[PDB]
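For reference, the structure discussed in these notes is given below.
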Amino acid sequence: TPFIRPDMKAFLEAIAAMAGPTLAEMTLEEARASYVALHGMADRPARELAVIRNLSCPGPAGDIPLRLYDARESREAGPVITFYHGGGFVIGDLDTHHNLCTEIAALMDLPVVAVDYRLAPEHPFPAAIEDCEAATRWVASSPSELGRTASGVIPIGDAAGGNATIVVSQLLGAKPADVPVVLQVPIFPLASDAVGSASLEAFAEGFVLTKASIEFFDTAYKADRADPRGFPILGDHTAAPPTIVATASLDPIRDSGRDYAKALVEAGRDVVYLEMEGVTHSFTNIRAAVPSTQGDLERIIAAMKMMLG
Ligand SMILES: O=[N+]([O-])c1ccc(O)cc1
Ligand SMILES: O=[N+]([O-])c1ccc(O)cc1
Ligand SMILES: O=[N+]([O-])c1ccc(O)cc1
Ligand SMILES: CCCCCC(=O)O
Ligand SMILES: CCCCCC(=O)O
C-alpha cells in the first residue's frame with residue numbers, strides 16, 4: 001500500500017481499464033505511436049513562445065535534427081538548456097516532449113534545444129549517446145544558426161534522457177566543449193542498473209513504466225552493463241557539475257536515481273535530490289491528466305534557478 005495521490009491514482013486506474021498490448025506485442029511503429037498518443041492526451045498544451053524553430057547539426061552518422069525553444073526573439077549570451085527526451089532510447093521524438101520543452105523554456109526564461117537523437121533497435125547503443133553528445137557540443141560552440149550565444153550548457157532530460165544527461169555531462173567533463181556544463185538536471189534517470197533493485201520489484205506493474213517495457217527497451221538498445229556510457233553510475237563522479245536529481249516515489253527505477261545522488265554526495269559534489277511523493281515515472285509529461293504534477297515540475301524549475309544563482 002504505497003502512497004499514491006488521488007489524481008495519480010485515477011490516471012493509473014484509467015490505464016488499467018484501457019488494458020491492451022505491451023510495447024513488445026505492438027509493431028515498433030505502433031509502440032512509438034502509442035507514446036505520442038499518451039503524452040498527447042495526458043500533458044498540458046504547449047506554451048506560446050516567440051521562437052520555436054527546427055534546425056540540425058552534424059553528427060557522426062549524419063545530421064541530427066534539433067528544435068530550438070525560446071520565449072525571447074533575441075537574447076544575450078547565457079546558459080543554454082540542451083534537452084534529451086525519454087522513451088527507453090526506443091520511442092519518443094521531438095513532439096512527445098514538445099509541450100514540456102515549451103514549459104521549461106517559458107518558466108526558466110532560457111533557450112532550450114531538444115535533440116532528435118537516433119533510436120534503437122534500428123540504431124543500438126551508443127547511437128543515442130553519440131547524438132546527444134554531438135548536439136550538446138554543437139550548442140556549446142555558439143553556432144550562428146542558433147542565434148544565441150552559450151556561456152554554458154544545461155543538460156536535462158527524463159528517464160533515458162536523464163541517462164543521457166549524466167553521460168553527456170561525464171563526456172564533456174573528460175573532454176570539454178567550448179563552454180562548461182554549468183548544471184545538469186537528470187529527471188527520473190537510469191544511472192545504475194535497475195535489475196535487482198527494490199523499486200523495480202515493488203513497482204514492476206501498474207505504475208506507467210513497467211518492468212516489461214524496461215526489458216523491451218533493454219533488448220532493443222543493447223547497452224553493455226559494464227559500459228559507463230550505458231550505466232553512468234560506473235563513471236567518475238569526482239568532478240560532476242552541480243546537479244538536480246528528481247525522482248518519483250512510485251518509479252520502478254527510483255532507486256537508480258537514489259543511487260546516483262548518493263554517489264554525488266559520496267564524491268563531495270553539490271546536488272539537490274527531490275523525490276516527488278505519490279507520483280510515478282513520467283510525471284513531467286502527464287501534467288493535464290494528473291494536475292498535481294505541474295507543481296512537481298515547478299519545484300524542479302525552482303531548484304534550477306537556485307542552483308544557477
Ligand atoms: O517509457 N515510458 O515512459 C512509458 C512507456 C510506455 C508507457 O505506456 C508509458 C510510459
Ligand atoms: O526507459 N527507461 O527508463 C529504462 C530503460 C531500460 C532500463 O534498463 C531501465 C530504464
Ligand atoms: O532507457 N535507458 O536509460 C536505458 C535503456 C537501456 C539500457 O541498457 C540502459 C539504459
Ligand atoms: C524522431 C525519432 C527518429 C530519430 C532517428 C531514428 O529514428 O533513429
Ligand atoms: C521498495 C519500494 C518501497 C519504497 C520504500 C522506500 O521509500 O524505501
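Residues are referred to by chain and number: the chain letter is A, B, ... according to the order shown in the C-alpha cells, the number counts from 1 in that chain, and ligands are numbered separately from 1 in the order shown.
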
Original post:
Using only C-alpha atoms and all ligand atoms, which protein or nucleic acid residues are at most 6 Å from ligand 5, as JSON, numbers by chain?
Top reply: {"A": [198, 199, 202]}

Subject >> Close residues, residue 242 (chain A) itself excluded, 8 Å, only C-alpha atoms, min 5 positions apart in chain, as a PyMOL selection string >> reply: chain A and resi 182-184+269-271+307

Any chance you can output those residues with C-alpha atoms as a PDB file, in the first residue's frame?
ATOM      1  CA  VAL A 182      27.053  24.611 -15.511  1.00  0.00           C
ATOM      2  CA  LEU A 183      24.193  22.421 -14.192  1.00  0.00           C
ATOM      3  CA  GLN A 184      22.758  19.025 -15.082  1.00  0.00           C
ATOM      4  CA  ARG A 269      29.582  17.235  -5.246  1.00  0.00           C
ATOM      5  CA  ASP A 270      26.718  19.711  -4.884  1.00  0.00           C
ATOM      6  CA  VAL A 271      23.369  18.050  -5.519  1.00  0.00           C
ATOM      7  CA  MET A 307      21.454  26.274  -8.388  1.00  0.00           C
TER       8      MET A 307
END

**OP:** Give the strand (DSSP E) residues of region 49-204 of chain A, as assigned by DSSP on the backbone, as a PyMOL selection string.
**Re:** chain A and resi 51-59+62-70+78-84+112-115+150-158+185-187

**OP:** For residue 293 (chain A), list every protein, DNA or RNA residue within 9 Å, evaluated using only C-alpha atoms, and leave out those in the same chain fewer than 3 positions away; present the list as a ChimeraX atom specification.
**Re:** /A:8,276,279,283-290,296-298

Output of the above residues as a PDB file, in the first residue's frame, restricted to N, CA, C and O atoms:
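Result written to result-v4.pdb:
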ATOM      1  N   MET A   8      -3.216  11.031  -9.286  1.00  0.00           N
ATOM      2  CA  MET A   8      -2.355   9.997  -9.858  1.00  0.00           C
ATOM      3  C   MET A   8      -3.075   8.653  -9.893  1.00  0.00           C
ATOM      4  O   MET A   8      -3.013   7.927 -10.892  1.00  0.00           O
ATOM      5  N   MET A 276       9.615  13.057  -5.681  1.00  0.00           N
ATOM      6  CA  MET A 276       8.223  13.503  -5.693  1.00  0.00           C
ATOM      7  C   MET A 276       7.321  12.424  -5.108  1.00  0.00           C
ATOM      8  O   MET A 276       7.387  11.257  -5.500  1.00  0.00           O
ATOM      9  N   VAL A 279       3.635  10.088  -6.916  1.00  0.00           N
ATOM     10  CA  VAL A 279       3.511  10.137  -8.365  1.00  0.00           C
ATOM     11  C   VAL A 279       4.486   9.132  -8.969  1.00  0.00           C
ATOM     12  O   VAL A 279       5.364   8.588  -8.293  1.00  0.00           O
ATOM     13  N   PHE A 283       6.125  11.821 -14.697  1.00  0.00           N
ATOM     14  CA  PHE A 283       5.257  12.865 -14.163  1.00  0.00           C
ATOM     15  C   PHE A 283       5.425  14.190 -14.900  1.00  0.00           C
ATOM     16  O   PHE A 283       4.496  15.002 -14.913  1.00  0.00           O
ATOM     17  N   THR A 284       6.562  14.406 -15.568  1.00  0.00           N
ATOM     18  CA  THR A 284       6.780  15.661 -16.279  1.00  0.00           C
ATOM     19  C   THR A 284       5.901  15.811 -17.516  1.00  0.00           C
ATOM     20  O   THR A 284       5.762  16.927 -18.030  1.00  0.00           O
ATOM     21  N   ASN A 285       5.305  14.727 -18.012  1.00  0.00           N
ATOM     22  CA  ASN A 285       4.575  14.767 -19.271  1.00  0.00           C
ATOM     23  C   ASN A 285       3.120  14.357 -19.119  1.00  0.00           C
ATOM     24  O   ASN A 285       2.466  14.067 -20.121  1.00  0.00           O
ATOM     25  N   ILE A 286       2.586  14.378 -17.895  1.00  0.00           N
ATOM     26  CA  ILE A 286       1.192  13.993 -17.677  1.00  0.00           C
ATOM     27  C   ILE A 286       0.510  15.092 -16.876  1.00  0.00           C
ATOM     28  O   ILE A 286      -0.359  14.818 -16.035  1.00  0.00           O
ATOM     29  N   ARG A 287       0.879  16.341 -17.157  1.00  0.00           N
ATOM     30  CA  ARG A 287       0.510  17.460 -16.296  1.00  0.00           C
ATOM     31  C   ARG A 287      -0.935  17.919 -16.464  1.00  0.00           C
ATOM     32  O   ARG A 287      -1.411  18.704 -15.626  1.00  0.00           O
ATOM     33  N   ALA A 288      -1.642  17.476 -17.508  1.00  0.00           N
ATOM     34  CA  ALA A 288      -3.085  17.724 -17.572  1.00  0.00           C
ATOM     35  C   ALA A 288      -3.902  16.583 -16.965  1.00  0.00           C
ATOM     36  O   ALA A 288      -4.865  16.830 -16.226  1.00  0.00           O
ATOM     37  N   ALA A 289      -3.523  15.336 -17.243  1.00  0.00           N
ATOM     38  CA  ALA A 289      -4.247  14.198 -16.695  1.00  0.00           C
ATOM     39  C   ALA A 289      -4.092  14.110 -15.185  1.00  0.00           C
ATOM     40  O   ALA A 289      -5.021  13.685 -14.492  1.00  0.00           O
ATOM     41  N   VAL A 290      -2.931  14.494 -14.666  1.00  0.00           N
ATOM     42  CA  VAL A 290      -2.642  14.453 -13.238  1.00  0.00           C
ATOM     43  C   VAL A 290      -2.198  15.864 -12.863  1.00  0.00           C
ATOM     44  O   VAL A 290      -0.994  16.177 -12.891  1.00  0.00           O
ATOM     45  N   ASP A 296       5.043  19.546  -9.305  1.00  0.00           N
ATOM     46  CA  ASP A 296       6.311  18.822  -9.229  1.00  0.00           C
ATOM     47  C   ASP A 296       7.330  19.409 -10.201  1.00  0.00           C
ATOM     48  O   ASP A 296       8.492  19.643  -9.838  1.00  0.00           O
ATOM     49  N   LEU A 297       6.907  19.671 -11.443  1.00  0.00           N
ATOM     50  CA  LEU A 297       7.797  20.312 -12.402  1.00  0.00           C
ATOM     51  C   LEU A 297       8.244  21.681 -11.910  1.00  0.00           C
ATOM     52  O   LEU A 297       9.411  22.048 -12.056  1.00  0.00           O
ATOM     53  N   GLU A 298       7.323  22.456 -11.326  1.00  0.00           N
ATOM     54  CA  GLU A 298       7.683  23.790 -10.853  1.00  0.00           C
ATOM     55  C   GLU A 298       8.718  23.736  -9.733  1.00  0.00           C
ATOM     56  O   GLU A 298       9.538  24.656  -9.608  1.00  0.00           O
TER      57      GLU A 298
END

**OP:** Run DSSP on the backbone of this structure and report the residues of region 188-231 of chain A it assigns to helix (DSSP H, G or I), as an MDAnalysis selection string.
**Re:** chainID A and resid 198:202 211:221

List every residue of chain A that has an atom at most 6 Å from any atom of ligand 4, giving for each one its closest atom pair and the distance in Å to one decimal, counting only C-alpha atoms and all ligand atoms, sorted by chain and then by ascending residue number, as JSON lines.
{"residue": "A:93", "atom": "CA", "partner": "ligand 4", "partner_atom_place_in_ligand_line": "1 (C)", "distance": 4.3}
{"residue": "A:116", "atom": "CA", "partner": "ligand 4", "partner_atom_place_in_ligand_line": "4 (C)", "distance": 5.4}
{"residue": "A:117", "atom": "CA", "partner": "ligand 4", "partner_atom_place_in_ligand_line": "4 (C)", "distance": 5.1}
{"residue": "A:118", "atom": "CA", "partner": "ligand 4", "partner_atom_place_in_ligand_line": "8 (O)", "distance": 3.3}
{"residue": "A:119", "atom": "CA", "partner": "ligand 4", "partner_atom_place_in_ligand_line": "8 (O)", "distance": 3.7}
{"residue": "A:123", "atom": "CA", "partner": "ligand 4", "partner_atom_place_in_ligand_line": "8 (O)", "distance": 5.8}

Got time to write the residues from that selection, C-alpha atoms, as a PDB file, in the first residue's frame?
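Result saved to again.pdb:
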ATOM      1  CA  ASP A  93      10.656  12.166 -30.504  1.00  0.00           C
ATOM      2  CA  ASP A 116      16.084  14.257 -32.017  1.00  0.00           C
ATOM      3  CA  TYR A 117      18.652  11.520 -31.413  1.00  0.00           C
ATOM      4  CA  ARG A 118      18.781   8.204 -33.274  1.00  0.00           C
ATOM      5  CA  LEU A 119      16.682   5.412 -31.758  1.00  0.00           C
ATOM      6  CA  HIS A 123      20.394   2.345 -34.060  1.00  0.00           C
TER       7      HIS A 123
END

For residue 157 (chain A), work out the shell of residues within 12 Å, counting only C-alpha atoms and skipping chain neighbours fewer than 5 positions away, then give it as a PDB file with N, CA, C and O atoms, in the first residue's frame.
ATOM      1  N   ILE A  81      19.891  25.485 -22.375  1.00  0.00           N
ATOM      2  CA  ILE A  81      19.439  24.160 -21.954  1.00  0.00           C
ATOM      3  C   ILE A  81      19.472  23.219 -23.157  1.00  0.00           C
ATOM      4  O   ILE A  81      19.015  23.566 -24.256  1.00  0.00           O
ATOM      5  N   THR A  82      20.037  22.026 -22.965  1.00  0.00           N
ATOM      6  CA  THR A  82      20.104  21.008 -24.009  1.00  0.00           C
ATOM      7  C   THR A  82      19.342  19.797 -23.494  1.00  0.00           C
ATOM      8  O   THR A  82      19.775  19.146 -22.536  1.00  0.00           O
ATOM      9  N   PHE A  83      18.213  19.511 -24.136  1.00  0.00           N
ATOM     10  CA  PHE A  83      17.214  18.572 -23.647  1.00  0.00           C
ATOM     11  C   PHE A  83      17.213  17.280 -24.455  1.00  0.00           C
ATOM     12  O   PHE A  83      17.274  17.310 -25.689  1.00  0.00           O
ATOM     13  N   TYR A  84      17.124  16.153 -23.751  1.00  0.00           N
ATOM     14  CA  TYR A  84      17.066  14.829 -24.369  1.00  0.00           C
ATOM     15  C   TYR A  84      15.837  14.103 -23.844  1.00  0.00           C
ATOM     16  O   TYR A  84      15.736  13.846 -22.640  1.00  0.00           O
ATOM     17  N   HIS A  85      14.929  13.737 -24.747  1.00  0.00           N
ATOM     18  CA  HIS A  85      13.672  13.115 -24.342  1.00  0.00           C
ATOM     19  C   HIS A  85      13.887  11.684 -23.848  1.00  0.00           C
ATOM     20  O   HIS A  85      14.874  11.019 -24.185  1.00  0.00           O
ATOM     21  N   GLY A  86      12.920  11.204 -23.057  1.00  0.00           N
ATOM     22  CA  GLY A  86      12.902   9.825 -22.605  1.00  0.00           C
ATOM     23  C   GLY A  86      12.122   8.938 -23.558  1.00  0.00           C
ATOM     24  O   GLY A  86      11.653   9.369 -24.610  1.00  0.00           O
ATOM     25  N   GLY A  87      11.991   7.670 -23.174  1.00  0.00           N
ATOM     26  CA  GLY A  87      11.442   6.691 -24.094  1.00  0.00           C
ATOM     27  C   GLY A  87      12.326   5.483 -24.326  1.00  0.00           C
ATOM     28  O   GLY A  87      12.203   4.796 -25.349  1.00  0.00           O
ATOM     29  N   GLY A  88      13.199   5.186 -23.366  1.00  0.00           N
ATOM     30  CA  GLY A  88      13.951   3.946 -23.410  1.00  0.00           C
ATOM     31  C   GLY A  88      15.001   3.874 -24.490  1.00  0.00           C
ATOM     32  O   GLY A  88      15.580   2.803 -24.696  1.00  0.00           O
ATOM     33  N   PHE A  89      15.267   4.994 -25.158  1.00  0.00           N
ATOM     34  CA  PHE A  89      16.088   5.079 -26.362  1.00  0.00           C
ATOM     35  C   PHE A  89      15.451   4.357 -27.543  1.00  0.00           C
ATOM     36  O   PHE A  89      16.122   4.104 -28.550  1.00  0.00           O
ATOM     37  N   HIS A  97       7.724  15.263 -26.354  1.00  0.00           N
ATOM     38  CA  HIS A  97       8.174  16.089 -25.241  1.00  0.00           C
ATOM     39  C   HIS A  97       8.130  17.571 -25.585  1.00  0.00           C
ATOM     40  O   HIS A  97       8.684  18.397 -24.846  1.00  0.00           O
ATOM     41  N   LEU A 100       6.387  19.884 -22.828  1.00  0.00           N
ATOM     42  CA  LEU A 100       7.294  20.037 -21.697  1.00  0.00           C
ATOM     43  C   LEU A 100       8.443  20.988 -22.033  1.00  0.00           C
ATOM     44  O   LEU A 100       8.823  21.821 -21.204  1.00  0.00           O
ATOM     45  N   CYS A 101       9.020  20.871 -23.238  1.00  0.00           N
ATOM     46  CA  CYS A 101      10.094  21.791 -23.611  1.00  0.00           C
ATOM     47  C   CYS A 101       9.612  23.238 -23.629  1.00  0.00           C
ATOM     48  O   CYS A 101      10.330  24.142 -23.181  1.00  0.00           O
ATOM     49  N   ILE A 104       9.489  24.333 -20.004  1.00  0.00           N
ATOM     50  CA  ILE A 104      10.803  24.629 -19.444  1.00  0.00           C
ATOM     51  C   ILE A 104      11.311  25.970 -19.965  1.00  0.00           C
ATOM     52  O   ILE A 104      11.820  26.797 -19.196  1.00  0.00           O
ATOM     53  N   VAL A 112      16.004  26.593 -24.970  1.00  0.00           N
ATOM     54  CA  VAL A 112      16.039  25.140 -24.873  1.00  0.00           C
ATOM     55  C   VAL A 112      16.234  24.576 -26.273  1.00  0.00           C
ATOM     56  O   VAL A 112      15.516  24.959 -27.202  1.00  0.00           O
ATOM     57  N   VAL A 113      17.203  23.674 -26.429  1.00  0.00           N
ATOM     58  CA  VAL A 113      17.415  22.959 -27.683  1.00  0.00           C
ATOM     59  C   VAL A 113      17.183  21.480 -27.416  1.00  0.00           C
ATOM     60  O   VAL A 113      17.950  20.852 -26.676  1.00  0.00           O
ATOM     61  N   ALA A 114      16.128  20.919 -28.006  1.00  0.00           N
ATOM     62  CA  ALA A 114      15.839  19.495 -27.883  1.00  0.00           C
ATOM     63  C   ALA A 114      16.502  18.718 -29.012  1.00  0.00           C
ATOM     64  O   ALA A 114      16.606  19.198 -30.147  1.00  0.00           O
ATOM     65  N   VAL A 115      16.932  17.500 -28.696  1.00  0.00           N
ATOM     66  CA  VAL A 115      17.745  16.691 -29.600  1.00  0.00           C
ATOM     67  C   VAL A 115      16.906  15.529 -30.108  1.00  0.00           C
ATOM     68  O   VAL A 115      16.411  14.718 -29.316  1.00  0.00           O
ATOM     69  N   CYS A 132      23.364  12.817 -28.702  1.00  0.00           N
ATOM     70  CA  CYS A 132      23.166  13.788 -27.630  1.00  0.00           C
ATOM     71  C   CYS A 132      24.455  14.537 -27.337  1.00  0.00           C
ATOM     72  O   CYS A 132      24.438  15.761 -27.178  1.00  0.00           O
ATOM     73  N   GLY A 162      17.410  11.276 -18.988  1.00  0.00           N
ATOM     74  CA  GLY A 162      18.179  11.543 -17.782  1.00  0.00           C
ATOM     75  C   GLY A 162      19.454  10.727 -17.727  1.00  0.00           C
ATOM     76  O   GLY A 162      20.485  11.204 -17.238  1.00  0.00           O
ATOM     77  N   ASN A 163      19.405   9.489 -18.243  1.00  0.00           N
ATOM     78  CA  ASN A 163      20.618   8.716 -18.511  1.00  0.00           C
ATOM     79  C   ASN A 163      21.562   9.492 -19.430  1.00  0.00           C
ATOM     80  O   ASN A 163      22.753   9.659 -19.133  1.00  0.00           O
ATOM     81  N   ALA A 164      21.032   9.990 -20.548  1.00  0.00           N
ATOM     82  CA  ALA A 164      21.843  10.743 -21.495  1.00  0.00           C
ATOM     83  C   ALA A 164      22.401  12.010 -20.855  1.00  0.00           C
ATOM     84  O   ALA A 164      23.551  12.382 -21.101  1.00  0.00           O
ATOM     85  N   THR A 165      21.602  12.678 -20.021  1.00  0.00           N
ATOM     86  CA  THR A 165      22.072  13.867 -19.306  1.00  0.00           C
ATOM     87  C   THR A 165      23.360  13.575 -18.553  1.00  0.00           C
ATOM     88  O   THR A 165      24.344  14.324 -18.651  1.00  0.00           O
ATOM     89  N   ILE A 166      23.371  12.472 -17.802  1.00  0.00           N
ATOM     90  CA  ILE A 166      24.518  12.160 -16.957  1.00  0.00           C
ATOM     91  C   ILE A 166      25.711  11.763 -17.814  1.00  0.00           C
ATOM     92  O   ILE A 166      26.846  12.190 -17.563  1.00  0.00           O
ATOM     93  N   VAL A 167      25.471  10.951 -18.838  1.00  0.00           N
ATOM     94  CA  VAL A 167      26.555  10.501 -19.712  1.00  0.00           C
ATOM     95  C   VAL A 167      27.170  11.688 -20.442  1.00  0.00           C
ATOM     96  O   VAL A 167      28.398  11.818 -20.531  1.00  0.00           O
ATOM     97  N   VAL A 168      26.327  12.562 -20.999  1.00  0.00           N
ATOM     98  CA  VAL A 168      26.833  13.739 -21.708  1.00  0.00           C
ATOM     99  C   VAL A 168      27.673  14.596 -20.769  1.00  0.00           C
ATOM    100  O   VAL A 168      28.758  15.067 -21.134  1.00  0.00           O
ATOM    101  N   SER A 169      27.193  14.809 -19.543  1.00  0.00           N
ATOM    102  CA  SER A 169      27.978  15.621 -18.620  1.00  0.00           C
ATOM    103  C   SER A 169      29.318  14.963 -18.299  1.00  0.00           C
ATOM    104  O   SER A 169      30.329  15.660 -18.151  1.00  0.00           O
ATOM    105  N   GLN A 184      23.420  20.131 -14.391  1.00  0.00           N
ATOM    106  CA  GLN A 184      22.758  19.025 -15.082  1.00  0.00           C
ATOM    107  C   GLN A 184      21.493  18.657 -14.312  1.00  0.00           C
ATOM    108  O   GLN A 184      21.462  18.734 -13.074  1.00  0.00           O
ATOM    109  N   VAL A 185      20.443  18.284 -15.047  1.00  0.00           N
ATOM    110  CA  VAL A 185      19.146  18.000 -14.416  1.00  0.00           C
ATOM    111  C   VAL A 185      18.626  16.650 -14.904  1.00  0.00           C
ATOM    112  O   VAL A 185      17.721  16.601 -15.758  1.00  0.00           O
ATOM    113  N   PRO A 186      19.163  15.534 -14.409  1.00  0.00           N
ATOM    114  CA  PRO A 186      18.597  14.216 -14.756  1.00  0.00           C
ATOM    115  C   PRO A 186      17.293  13.993 -14.001  1.00  0.00           C
ATOM    116  O   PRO A 186      17.271  13.979 -12.769  1.00  0.00           O
ATOM    117  N   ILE A 187      16.205  13.831 -14.740  1.00  0.00           N
ATOM    118  CA  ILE A 187      14.848  13.637 -14.162  1.00  0.00           C
ATOM    119  C   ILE A 187      14.475  12.159 -14.301  1.00  0.00           C
ATOM    120  O   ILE A 187      14.536  11.684 -15.387  1.00  0.00           O
ATOM    121  N   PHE A 188      14.142  11.515 -13.187  1.00  0.00           N
ATOM    122  CA  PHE A 188      13.895  10.058 -13.051  1.00  0.00           C
ATOM    123  C   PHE A 188      14.851   9.283 -13.961  1.00  0.00           C
ATOM    124  O   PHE A 188      14.436   8.532 -14.792  1.00  0.00           O
ATOM    125  N   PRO A 189      16.166   9.458 -13.792  1.00  0.00           N
ATOM    126  CA  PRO A 189      17.110   8.851 -14.667  1.00  0.00           C
ATOM    127  C   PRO A 189      17.458   7.404 -14.366  1.00  0.00           C
ATOM    128  O   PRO A 189      17.249   6.944 -13.346  1.00  0.00           O
ATOM    129  N   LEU A 190      17.953   6.768 -15.404  1.00  0.00           N
ATOM    130  CA  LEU A 190      18.593   5.468 -15.248  1.00  0.00           C
ATOM    131  C   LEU A 190      20.092   5.719 -15.120  1.00  0.00           C
ATOM    132  O   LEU A 190      20.743   6.131 -16.089  1.00  0.00           O
ATOM    133  N   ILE A 244      20.820  18.537 -10.153  1.00  0.00           N
ATOM    134  CA  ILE A 244      19.496  18.358  -9.556  1.00  0.00           C
ATOM    135  C   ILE A 244      19.007  16.996 -10.024  1.00  0.00           C
ATOM    136  O   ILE A 244      18.828  16.789 -11.229  1.00  0.00           O
ATOM    137  N   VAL A 245      18.826  16.065  -9.092  1.00  0.00           N
ATOM    138  CA  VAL A 245      18.263  14.746  -9.392  1.00  0.00           C
ATOM    139  C   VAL A 245      16.827  14.739  -8.899  1.00  0.00           C
ATOM    140  O   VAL A 245      16.576  14.960  -7.709  1.00  0.00           O
ATOM    141  N   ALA A 246      15.884  14.487  -9.801  1.00  0.00           N
ATOM    142  CA  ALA A 246      14.470  14.408  -9.459  1.00  0.00           C
ATOM    143  C   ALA A 246      14.004  12.987  -9.730  1.00  0.00           C
ATOM    144  O   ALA A 246      14.291  12.433 -10.802  1.00  0.00           O
ATOM    145  N   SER A 282       7.350   9.419 -15.440  1.00  0.00           N
ATOM    146  CA  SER A 282       6.669  10.184 -16.481  1.00  0.00           C
ATOM    147  C   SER A 282       5.933  11.404 -15.958  1.00  0.00           C
ATOM    148  O   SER A 282       5.182  12.002 -16.739  1.00  0.00           O
ATOM    149  N   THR A 284       6.562  14.406 -15.568  1.00  0.00           N
ATOM    150  CA  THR A 284       6.780  15.661 -16.279  1.00  0.00           C
ATOM    151  C   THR A 284       5.901  15.811 -17.516  1.00  0.00           C
ATOM    152  O   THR A 284       5.762  16.927 -18.030  1.00  0.00           O
ATOM    153  N   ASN A 285       5.305  14.727 -18.012  1.00  0.00           N
ATOM    154  CA  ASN A 285       4.575  14.767 -19.271  1.00  0.00           C
ATOM    155  C   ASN A 285       3.120  14.357 -19.119  1.00  0.00           C
ATOM    156  O   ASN A 285       2.466  14.067 -20.121  1.00  0.00           O
ATOM    157  N   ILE A 300      11.173  21.468  -9.589  1.00  0.00           N
ATOM    158  CA  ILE A 300      12.431  21.314 -10.326  1.00  0.00           C
ATOM    159  C   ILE A 300      12.900  22.660 -10.872  1.00  0.00           C
ATOM    160  O   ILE A 300      14.080  23.022 -10.752  1.00  0.00           O
TER     161      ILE A 300
END

**OP:** Compile the contact shell of residue 52 (chain A) as number ranges by chain: residues with an atom at most 7 Å away, counting only C-alpha atoms, same-chain residues fewer than 2 positions apart removed.
**Re:** A: 49-50, 67-70

Using only N, CA and C atoms, please write the residues we just selected to a file, as a PDB file, in the first residue's frame.
ATOM      1  N   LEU A  49       5.424  30.682 -27.522  1.00  0.00           N
ATOM      2  CA  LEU A  49       6.765  31.230 -27.413  1.00  0.00           C
ATOM      3  C   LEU A  49       7.065  32.070 -28.645  1.00  0.00           C
ATOM      4  N   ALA A  50       7.994  33.012 -28.477  1.00  0.00           N
ATOM      5  CA  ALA A  50       8.441  33.818 -29.608  1.00  0.00           C
ATOM      6  C   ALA A  50       9.122  32.956 -30.660  1.00  0.00           C
ATOM      7  N   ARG A  67      15.397  21.061 -32.144  1.00  0.00           N
ATOM      8  CA  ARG A  67      14.341  22.062 -32.075  1.00  0.00           C
ATOM      9  C   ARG A  67      14.684  23.084 -31.003  1.00  0.00           C
ATOM     10  N   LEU A  68      14.679  24.356 -31.397  1.00  0.00           N
ATOM     11  CA  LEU A  68      15.002  25.468 -30.514  1.00  0.00           C
ATOM     12  C   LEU A  68      13.721  26.080 -29.975  1.00  0.00           C
ATOM     13  N   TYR A  69      13.674  26.263 -28.659  1.00  0.00           N
ATOM     14  CA  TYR A  69      12.574  26.915 -27.964  1.00  0.00           C
ATOM     15  C   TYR A  69      13.109  28.152 -27.257  1.00  0.00           C
ATOM     16  N   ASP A  70      12.443  29.289 -27.439  1.00  0.00           N
ATOM     17  CA  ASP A  70      12.866  30.478 -26.708  1.00  0.00           C
ATOM     18  C   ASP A  70      11.693  31.432 -26.559  1.00  0.00           C
TER      19      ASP A  70
END

**OP:** Please check which protein, DNA or RNA residues sit within 9 Å of ligand 3, counting only C-alpha atoms and all ligand atoms, and write them as number ranges by chain.
**Re:** A: 86-90, 125, 159-164, 189-194, 214-225, 229-231
